[PDB]
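Data first, discussion second: the structure below is written as structure tokens.
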Amino acid sequence: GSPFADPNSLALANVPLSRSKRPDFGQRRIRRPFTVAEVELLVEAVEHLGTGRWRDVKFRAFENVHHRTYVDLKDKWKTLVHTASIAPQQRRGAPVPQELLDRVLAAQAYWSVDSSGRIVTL
């Protein structure tokens, strides 16, 4: 007395599996050297807004100096960020302090998703 024409579903098990991946590299056009002051203000302009309107960047940065263009500033930061994030041997930018790379990197991640760190546990 058994059933007929049934699906006979299995228990459905799970097997182990690994995962592999690889980073990426690149190179942009030839840029020009910047000043600690110009970079500081420039970074603060794009950082102050994180990733919204470039107009506020050019205005916040310095609406008086010999600025270039909204996108110019935004793009400038993005580029410096990639170079400050890439490998050390490849990170051969202008003679600037690590702070610049720390502010651009930290901010980039801060506005990215959540933040950068999760290592310290006071």
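For the sequence shown, position 103 (counting from the first letter as 1) is numbered 103 according to PDB author numbering, and the numbering increases by one without interruption.
For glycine and all other residues, C-beta sits at the position ideal for the given N, C-alpha and C.
(1) Hey, out of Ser116, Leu101, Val120, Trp111, whose CA is closest to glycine 52's CA?
(2) Can you find a C-beta in chain B that's less than 7 Å from the C-beta of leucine 101?
(3) Distance, Cα to Cα, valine 71 vs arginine 19?
(4) By the three-class DSSP mapping on this structure, what secondary structure does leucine 10 have?
(5) Residues in the same chain with beta-carbon distance under 6 Å from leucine 100, minus the five sequence neighbours each way, listed in chain order, please.
(6) Compare the C-alpha of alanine 61 against each of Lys76, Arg22, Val43 and name the closest.
(7) Secondary structure at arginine 53, three-state DSSP: helix, strand or coil?
(8) First and last residue of the alpha helix (DSSP H) that includes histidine 82?
(9) Hey, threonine 83 and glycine 93: beta-carbon distance below 7 Å or not?
(10) Buried or exposed: where does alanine 45 fall if 16 or more other Cβ atoms within 10 Å of its Cβ makes it buried?
(11) Let me know if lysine 74 comes out buried or exposed under the rule of 16 or more other beta-carbons within 10 Å of its beta-carbon.
(12) What is the DSSP secondary structure of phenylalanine 59, counted as helix, strand or coil?
On the basis of the supplied data:
(1) Minimum Cα-Cα distance from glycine 52 among the listed residues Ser116, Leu101, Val120, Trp111 corresponds to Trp111.
(2) In the displayed structure, chain B is absent; only one protein chain is listed.
(3) 38 Å
(4) coil
(5) So the qualifying residues of the chain are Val39.
(6) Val43
(7) coil
(8) 70 to 85
(9) yes
(10) buried
(11) buried
(12) helix
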